[PDB]
Amino acid sequence: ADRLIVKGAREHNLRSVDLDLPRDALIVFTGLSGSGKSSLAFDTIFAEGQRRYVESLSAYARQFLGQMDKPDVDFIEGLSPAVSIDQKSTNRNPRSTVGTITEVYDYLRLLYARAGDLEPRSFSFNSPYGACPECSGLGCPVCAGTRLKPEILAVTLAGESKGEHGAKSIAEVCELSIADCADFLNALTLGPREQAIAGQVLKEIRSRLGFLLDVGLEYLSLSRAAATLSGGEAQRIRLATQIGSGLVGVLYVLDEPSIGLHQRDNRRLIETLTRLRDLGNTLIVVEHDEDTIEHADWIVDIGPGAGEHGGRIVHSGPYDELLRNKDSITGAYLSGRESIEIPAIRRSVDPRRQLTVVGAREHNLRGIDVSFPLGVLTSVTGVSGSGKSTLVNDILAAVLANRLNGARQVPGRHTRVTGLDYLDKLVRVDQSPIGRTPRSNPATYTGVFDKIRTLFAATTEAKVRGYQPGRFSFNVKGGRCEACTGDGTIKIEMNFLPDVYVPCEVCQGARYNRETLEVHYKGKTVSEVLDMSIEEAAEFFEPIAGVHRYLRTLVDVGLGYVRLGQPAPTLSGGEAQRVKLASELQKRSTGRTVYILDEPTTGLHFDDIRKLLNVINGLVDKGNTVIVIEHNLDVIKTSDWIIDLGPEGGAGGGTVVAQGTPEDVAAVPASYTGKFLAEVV
Amino acid sequence: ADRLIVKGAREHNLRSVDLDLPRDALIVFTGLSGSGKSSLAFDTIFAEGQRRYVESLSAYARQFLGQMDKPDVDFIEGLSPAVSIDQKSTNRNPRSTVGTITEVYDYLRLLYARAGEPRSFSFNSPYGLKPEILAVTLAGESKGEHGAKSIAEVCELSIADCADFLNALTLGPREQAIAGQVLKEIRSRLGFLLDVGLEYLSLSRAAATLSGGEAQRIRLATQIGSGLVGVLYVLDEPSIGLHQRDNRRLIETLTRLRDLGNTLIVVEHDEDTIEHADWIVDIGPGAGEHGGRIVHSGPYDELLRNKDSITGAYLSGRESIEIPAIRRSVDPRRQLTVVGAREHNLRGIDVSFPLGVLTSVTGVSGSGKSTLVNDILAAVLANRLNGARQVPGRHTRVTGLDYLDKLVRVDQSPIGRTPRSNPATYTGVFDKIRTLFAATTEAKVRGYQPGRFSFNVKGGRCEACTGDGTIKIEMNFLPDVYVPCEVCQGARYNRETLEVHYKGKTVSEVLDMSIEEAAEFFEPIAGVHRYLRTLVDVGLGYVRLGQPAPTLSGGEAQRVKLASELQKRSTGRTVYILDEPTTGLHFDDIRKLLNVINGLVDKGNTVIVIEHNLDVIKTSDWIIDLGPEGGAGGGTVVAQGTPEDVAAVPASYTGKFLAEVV
Ligand SMILES: [Zn+2]
Ligand SMILES: [Zn+2]
Ligand SMILES: [Zn+2]
């Protein structure tokens, strides 16, 4: 029976949903932000699917797996081992490059060991043999950037230098040059009788190289540090690795593969996915992308709204069935019932109020000078990896924070920045998590927790118990649980699989001892008002106007489903970005202040995008300058000023392909973004 | 394509063989013992599959997987998740019962919690068998006990109906709605346990109170209960320790597992398994250097038509093991009879053993035949004939015992737990070879003593491996493995000792070289010639002379002990005890070992052996059947006498199978 049949998912907001899906099909999960799509996708399905097989690895593995909490499920049928790919894995290992994680570099070491003598364990910078002494293999002037020892950089296939620019293939930036060199120039160097001994090696190499080419990663160097890799890039090289693995029948759960992906690469990505299912695998992807939804064999919609309203199932069937189903906001958006109108009136670009950066020579950027209107919604486009985030984050944000906020951070290579007197302060709405500990949470982060604790101290139960606001603070020893030390959870080292939390055993996750919870304000204790969400907190804290100011903004930004007592690590990057944005909304919007956005459309439904654009429109209407980097066509057609980068990524590109209003960008044919925009505008 | 493809398999015996097999089919490896069946199957396909799929685990996994040696294979594709069920893993876990391993125990705990807390029902929690939990009753039968009566005493069938079907009609609507799925899972798992023919045993029996085959059967029952699709399963002679009646039932279980969506590869000498095999692959003729090839690859009929396959000849009728037309006379006066064997399930029966004759022990598995034969008989015989002080099983006494000189217990246990022991060390030729090497011009001009050439003596052995030839590096998630020492490259010696050459041969050279070629090599040396002749006769020629003890199978170790005791004067009377020597032996191997045993008994000696192989039984002149079933139901003599005596008796299942031959 080639069908996956499940019953009784109840993870967070799931009312025991029962599902049945055909095997070896393109399954897409969709819903509003926080509708539980991630729940079904990962927690209910992949956890069980992986763990069932991981038990079979050994008897000892079952013992090490028994300590975690099995998902709240009724029954599952037709299960097979599954592999998940996500952006959560962003290693910042100093001795890690692209070649190390791909493990392709070690294979080139093997090839140079055999062909060409040469041997591995001496080319590897992770070991002192290949580690240059002045940098410990990290990459110091003595090593001349190339982390390997100079002798290793010198030895070759009887030539001049397989090093000082990578080993003739690593620091080689574009994978096109690497592939051409290794496949043709290096292959023919061997002697009369080496075909039968190295052709299989070359075939193993170039197949993997073609795999990296297919996923659209033909630009970045193999010697780039892993810290310089985004979450989307990590998801991409993971996808390439699993494509090259060659296993058949494994399930795969994906979380928006098109993150940070230019509009041009969508069809190529779809092509790379389709052949994987043609092998005999099955794909389940959470997406808001129209094309992938159209090409998907099956679509499973999820309960309307998020949180309590979400967690249901709206649709389960073909794309036409989803379009017929009117209960799906996604279906309405796709079939045309819902859309976002292009603003007929665009904010006028001010030639005088014009920020400009000159001579940005950092990395692949060719010292280009770009001007940005002030007080007008402006967007930055361009193909993936063209360094569009590079100049912005390294140079512009750093300089603006140095000169306006007084921050001490080193900017990238550039000459200088014009003006800047037209704005008051820098706003950097990053996508990094709010906090790295369960102690940090939206209540403490936004400071509302202080107001709640002070109000709690001003209650009858607290004043008769002599409980200070600190007694209601899980962060301090006062009132917190003696086992969870206020976290409410205990982190457990899990040896090979990614690390997981377990709930506290004394307070059962209350973050407090039972004595502190005896206080009640409006019938809610500290914990009771803690786990109760912001959307239902809006009506609960209406009398407290000061606290109401925060929750109003968190409601406006569309985060009703989120929990105040939800730990910061459990919050996604986009959710943390929204938390920072709404906290900034809990301020006095000056007439002039620059707002910086980094792909805010992450993990948002079309209605969520329409909600957030309404929020940001008011902010721009304050005369404030807003800048955002995006690949979504709707925000491109909505913004009044758009500047395209490229036309290539990495070393190729780094120049201004086009700029101007959406009409201006669509007029330019050299801009791929303009090519996709002309179809709409 | 749904076809496994293999190229360039060279590890150990393999001579760069290339394979191509269908997927989701039952394929059986066959050949002579040591032809390369176990090596080729496990070491290449299972190792490759498991290693490759563990590479798809996490970043921390790969760095710890790169340490072990990659297989000597070129080009294999069509790979799928790997699971092996073998008899190697004999866990000693004191707090592990049958139910816990098969995970049904958790289901019973949950069911009794919902119909009485499952954690309070287990012995691994401070809440919980303690007497207070025994007060909880689910009276599906007249008796309601959470394992106190169900798991403790009544075996698979009885616990099954009493706690799954009797209470299936005494369950209230709330208990039904709350635990029906759990009870149904219990029923399905118990049915699977019934199918594999493990019905005889109770489920509270200790984990350690099992054989390797019993542990293997628990393992494959767990694999049945896992419910995964698309995983190939490799089996290592599951028919061991299993009655021929259960053979077809086990075949049914494997066929249902394959129909579930899996593929199966089994190395077996069983005729029934070969006949039931969808595909059969034969391996190069002979063992050792002679093997390592491919003879047949196709249907069973193709193997029959293949005249180059010894297994093909045996199955086609060209080769067979013939019943001895003349049997040794049973002497009623020479008769050793135990009395009152109350140990385990044995119901105090008295069993008479004829002397100066070939006798085999039969009966369905688990009926305590091993219990009696080892615990009572072997311990008593070692106490009185060898003087060893070991406690025998519960019995009264044994008649006679004055008709034999000493006990010869040939156990299947491995020769040694460490590479410190090799065949040369065990058989004693290591002293002779060391003295011979010291008696050379190179050794005497180097001032080298016999101990210099020893790997257990510091002088001469490698300073890193101390003569082991390998270094152990711990494996975190997978079982620990050995990687050879790089200082000596596994030579177990420093290079300063390897310059000595007797007949132009160094210590490591003659160590690696097998006894098969050592037979002609040490022909002038008659003293070592007797030893090598005994190994050749027993059938260990293809084994490496210096092969480490851990790299030796149980049957090979038993054969090594048999040859070592064959390096002795076979008296007119001495008892030999055997424990299923058929393990890992082709029909021709069975025939030659039968010739060896016939020669041994022809010295007037008395030999006893436990077996399920019909050829061994039919050759045996005297047979005594145990039964009627295994476990507590059983432990009584169903029949005894000549092969015709047992075959005539229909109550004897072994007699039922023998009546077909006789
Ligand atoms: Zn250096
Ligand atoms: Zn706690
Ligand atoms: Zn060594």
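Residue 1 is the first one shown; counting continues down the chain.
Going by what the header records, the deposited coordinates were determined by electron microscopy, 4.9 Å.
Cβ from N, Cα, C; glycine included.
Swiss-Prot has this to say about the protein:
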| type | residues | note |
| --- | --- | --- |
| BINDING | B:31-38, B:363-370 | ATP binding site |
| DOMAIN | B:330-659 | domain 'ABC transporter 2' |
| ZN_FING | B:462-488 | zinc finger |
>> Cβ atoms within 10 Å, counted per site: which of B:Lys37, B:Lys369 has the most, among these binding-site residues?
In response: B:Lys37
> Helix, strand or coil at B:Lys37 (ATP binding site), per DSSP?
Replying inline: helix
> What number of additional C-beta atoms lies within 10 angstroms of the C-beta atom of B:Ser33 (ATP binding site)?
Replying inline: 24
>> Per DSSP, what is the helix/strand/coil residue tally across the zinc finger (B:462-488)?
In response: 0 helix, 8 strand, 19 coil
>> Let's check the environment of B:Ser35 (ATP binding site): how many other CB atoms sit within 10 Å of its CB?
In response: 28
> For the break between B:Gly128 and B:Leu129 (139 residues unmodelled), what's the Cα distance in Å?
Replying inline: 7
>> Neighbour count, 10 Å Cβ-Cβ cut-off, for B:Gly31 (ATP binding site): what number do you get?
In response: 28
> In this deposited model, 151 residues are left out between B:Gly116 and B:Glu117; how far apart are their Cα atoms, in Å?
Replying inline: 9
>> For a quick check of packing: other C-beta atoms within 10 Å of the C-beta of B:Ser365 (ATP binding site), how many?
In response: 25
>> With DSSP assignments reduced to helix, strand and coil, which class does B:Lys369 (ATP binding site) get?
In response: helix
